[PDB]
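Structure record follows, encoded as C-alpha coordinates.
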Amino acid sequence: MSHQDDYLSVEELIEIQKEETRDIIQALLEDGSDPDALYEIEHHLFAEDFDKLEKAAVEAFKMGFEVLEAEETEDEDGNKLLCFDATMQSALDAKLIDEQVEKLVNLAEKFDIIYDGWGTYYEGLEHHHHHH
(Lines of atoms letter the chains of each structure in order from A and count residues from 1; the text may use other names and numbers.)
(Lines give C-alpha, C1' and ligand atoms only; values in the text may rest on other atoms or scores of the structure.)
Protein backbone atom coordinates (compact mmCIF):
# COMPACT_ATOMS: atom_id res chain seq x y z
CA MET A 1 0.00 0.00 0.00
CA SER A 2 1.84 3.14 1.18
CA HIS A 3 0.32 5.65 -1.26
CA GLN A 4 3.47 7.79 -0.96
CA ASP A 5 3.89 8.51 -4.69
CA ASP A 6 2.35 11.84 -5.75
CA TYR A 7 4.98 14.31 -7.04
CA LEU A 8 2.93 17.24 -8.37
CA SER A 9 4.28 20.60 -7.13
CA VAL A 10 7.26 21.88 -9.15
CA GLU A 11 7.19 24.72 -6.59
CA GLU A 12 8.70 22.19 -4.15
CA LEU A 13 11.32 20.69 -6.49
CA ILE A 14 12.34 24.25 -7.44
CA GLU A 15 12.84 25.16 -3.76
CA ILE A 16 14.98 22.09 -3.00
CA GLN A 17 17.31 22.40 -6.02
CA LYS A 18 17.55 26.04 -4.87
CA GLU A 19 19.18 25.18 -1.52
CA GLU A 20 21.04 22.03 -2.64
CA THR A 21 22.55 23.77 -5.69
CA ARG A 22 23.75 26.65 -3.49
CA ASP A 23 25.39 24.11 -1.15
CA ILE A 24 27.25 22.58 -4.11
CA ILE A 25 28.30 25.97 -5.54
CA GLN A 26 29.67 26.75 -2.06
CA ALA A 27 31.96 23.69 -2.11
CA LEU A 28 32.98 24.18 -5.76
CA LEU A 29 33.84 27.81 -4.94
CA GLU A 30 35.64 27.18 -1.64
CA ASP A 31 37.73 24.79 -3.77
CA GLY A 32 38.98 27.87 -5.65
CA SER A 33 36.90 27.57 -8.84
CA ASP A 34 36.29 30.81 -10.77
CA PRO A 35 33.12 32.37 -12.28
CA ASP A 36 34.98 33.10 -15.54
CA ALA A 37 36.05 29.46 -15.95
CA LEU A 38 32.62 28.89 -17.56
CA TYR A 39 30.92 25.67 -16.41
CA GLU A 40 28.96 23.15 -18.52
CA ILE A 41 25.61 22.35 -16.85
CA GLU A 42 24.20 18.85 -17.45
CA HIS A 43 20.55 17.73 -17.18
CA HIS A 44 19.16 14.19 -17.53
CA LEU A 45 15.66 13.74 -19.01
CA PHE A 46 13.87 10.48 -19.90
CA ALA A 47 10.49 9.67 -21.47
CA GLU A 48 8.25 6.64 -22.13
CA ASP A 49 7.21 7.47 -25.71
CA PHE A 50 9.92 7.26 -28.38
CA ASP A 51 8.07 9.99 -30.31
CA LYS A 52 7.13 12.24 -27.36
CA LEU A 53 10.83 11.94 -26.49
CA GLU A 54 12.30 13.27 -29.76
CA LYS A 55 9.50 15.85 -29.45
CA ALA A 56 10.52 17.35 -26.08
CA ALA A 57 14.18 16.78 -27.00
CA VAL A 58 13.72 18.86 -30.18
CA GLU A 59 12.11 21.85 -28.43
CA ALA A 60 14.81 21.89 -25.73
CA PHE A 61 17.59 21.84 -28.35
CA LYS A 62 15.57 24.54 -30.16
CA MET A 63 15.94 26.96 -27.22
CA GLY A 64 19.70 26.42 -26.75
CA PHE A 65 20.52 23.12 -24.99
CA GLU A 66 23.09 20.58 -26.21
CA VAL A 67 20.63 17.65 -26.28
CA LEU A 68 22.48 14.31 -26.12
CA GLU A 69 21.31 11.06 -27.76
CA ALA A 70 19.64 8.68 -25.28
CA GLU A 71 20.35 4.98 -24.68
CA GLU A 72 18.50 1.98 -23.20
CA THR A 73 18.25 2.98 -19.52
CA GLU A 74 17.00 1.17 -16.40
CA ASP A 75 15.18 2.80 -13.45
CA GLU A 76 14.35 -0.23 -11.28
CA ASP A 77 10.94 0.33 -12.90
CA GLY A 78 11.52 0.24 -16.68
CA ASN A 79 14.57 -1.97 -17.35
CA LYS A 80 14.32 -0.50 -20.86
CA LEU A 81 13.57 3.23 -21.15
CA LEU A 82 15.02 6.08 -23.26
CA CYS A 83 17.12 8.69 -21.41
CA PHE A 84 18.65 11.65 -23.29
CA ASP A 85 20.89 14.34 -21.75
CA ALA A 86 21.03 18.13 -22.22
CA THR A 87 24.02 20.47 -21.74
CA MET A 88 24.32 24.27 -21.54
CA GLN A 89 27.46 26.45 -21.27
CA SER A 90 27.04 29.08 -18.53
CA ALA A 91 28.94 30.71 -15.64
CA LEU A 92 28.77 29.10 -12.18
CA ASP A 93 25.77 30.69 -10.43
CA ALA A 94 22.98 29.21 -8.27
CA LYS A 95 20.45 31.71 -9.67
CA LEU A 96 21.30 30.75 -13.27
CA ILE A 97 21.53 26.98 -12.67
CA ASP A 98 18.20 27.33 -10.85
CA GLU A 99 16.75 28.95 -14.00
CA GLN A 100 17.86 26.16 -16.36
CA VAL A 101 16.06 23.78 -13.97
CA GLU A 102 12.92 25.96 -14.00
CA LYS A 103 12.73 25.96 -17.82
CA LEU A 104 13.59 22.25 -18.21
CA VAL A 105 11.12 21.42 -15.42
CA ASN A 106 8.18 23.48 -16.74
CA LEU A 107 8.92 22.17 -20.25
CA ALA A 108 9.22 18.58 -18.97
CA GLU A 109 5.81 18.65 -17.25
CA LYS A 110 4.51 20.54 -20.31
CA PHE A 111 5.23 17.51 -22.53
CA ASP A 112 5.14 14.26 -20.53
CA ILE A 113 8.62 13.43 -19.20
CA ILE A 114 10.19 13.42 -15.71
CA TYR A 115 13.18 15.71 -15.09
CA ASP A 116 15.16 14.54 -12.03
CA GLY A 117 18.96 14.57 -12.40
CA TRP A 118 21.19 17.67 -12.60
CA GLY A 119 25.00 17.67 -12.23
CA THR A 120 27.90 20.04 -13.03
CA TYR A 121 31.37 18.93 -14.19
CA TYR A 122 34.43 20.29 -12.34
CA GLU A 123 37.31 21.40 -14.60
CA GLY A 124 40.69 21.69 -12.83
CA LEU A 125 42.01 18.27 -11.75
CA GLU A 126 45.33 18.18 -9.86
CA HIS A 127 46.84 14.69 -9.46
CA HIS A 128 45.32 11.25 -8.75
CA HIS A 129 47.16 7.98 -8.02
CA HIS A 130 50.98 8.05 -8.08
CA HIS A 131 52.22 10.39 -5.32
CA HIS A 132 49.39 10.94 -2.82
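Taken in order, the sequence shown gives residues 1 to 132; the numbers are from PDB author numbering.
Every residue, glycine too, gets a C-beta built ideally from N, C-alpha and C.
Mind checking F46: buried by the 16 CB within 10 Å criterion, or exposed? buried
Can you tell me where the alpha helix (DSSP H) holding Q26 begins and where it ends? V10 to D31
Taking the alpha carbon of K62 as the reference point, which residue from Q4, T87, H131 and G117 has its own alpha carbon closest? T87
What does the Cβ neighbour count give for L53, buried or exposed, with the cut at 16 atoms within 10 Å? buried
How many whole angstroms separate the CB atoms of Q4 and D98, which I take to be in contact at a CB cut-off of 8 Å? In fact, because the Cβ distance is near 26 Å, the residues do not count as touching under 8 Å.
Which residue marks the beginning of the beta strand (DSSP E) containing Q100, and which one marks its end? Segment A94 to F111 is the alpha helix (DSSP H) holding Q100; no beta strand (DSSP E) there.
Measuring alpha carbon to alpha carbon, tell me which residue in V105, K95 and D112 is nearest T21. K95
Leaving out five residues before and five after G119 in sequence, what residues of the same chain have Cβ atoms less than 7 Å from its Cβ? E42
For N106, collect the residues of the same chain with a Cβ closer than 6 Å to its Cβ; drop the 5 residues on either side in sequence, then sort them by chain order. none
Please state if the CB of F111 and the CB of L82 are separated by a distance shorter than 8 Å. no
If we count the other Cβ atoms within 10 Å of its Cβ and call it buried at 16 or more, is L8 buried or exposed? exposed
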